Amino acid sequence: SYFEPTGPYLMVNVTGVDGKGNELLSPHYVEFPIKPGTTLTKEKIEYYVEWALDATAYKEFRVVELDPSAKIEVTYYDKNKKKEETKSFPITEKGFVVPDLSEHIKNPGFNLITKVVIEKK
């Protein structure tokens, strides 16, 4: 989409490094629409980061491992409170259920900012 998203979306910002910690790829903004009620697990996330790499020169690369302390975070202005609120979800196998924040924001961005070790297919 050429315009801002109109619904919830996952925002992937990842730095790809090699097994030795040489950076190979800088964060590339890539968005994927997502719906509240969806369960996002570590494996789905690893696929989303792989899909994100296909929009770059490392399209033939696969994820070897994600920073295990990476989390999904969303920030928004709570209307009632006049406060900025932040919610963080850990990335585990069983995963978490995407909340519906439309009460405060129609198009929340769930951000994933992290490093991933990647390797050629």
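Quick note: we count residues from 1 along the sequence shown, nothing fancier.
Enquirer: On mean Cα temperature factor in this entry, is 72-80 or 36-44 the higher one?
Expert: Looking at the record's C-alpha B-factors, the answer is 72-80.
Enquirer: Taking the recorded C-alpha temperature factors, which stretch has the higher mean, 63-71 or 81-89?
Expert: If you average the C-alpha B-factors of 63-71 and of 81-89, the larger mean comes out for 81-89.
Enquirer: Taking the values straight from the PDB record, which of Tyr29, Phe96, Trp51, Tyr58 has the highest C-alpha temperature factor?
Expert: That would be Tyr29, according to the entry.
Enquirer: Please place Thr15 in the lowest, middle or highest third of its chain according to the CA B-factor in the PDB entry.
Expert: For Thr15, the deposited C-alpha B-factor lands in the lowest third.
Enquirer: Among the modelled residues of this chain, does the Cα B factor of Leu101 put it in the lowest, middle or highest third?
Expert: Its C-alpha B-factor belongs to the lowest third of this chain's values.
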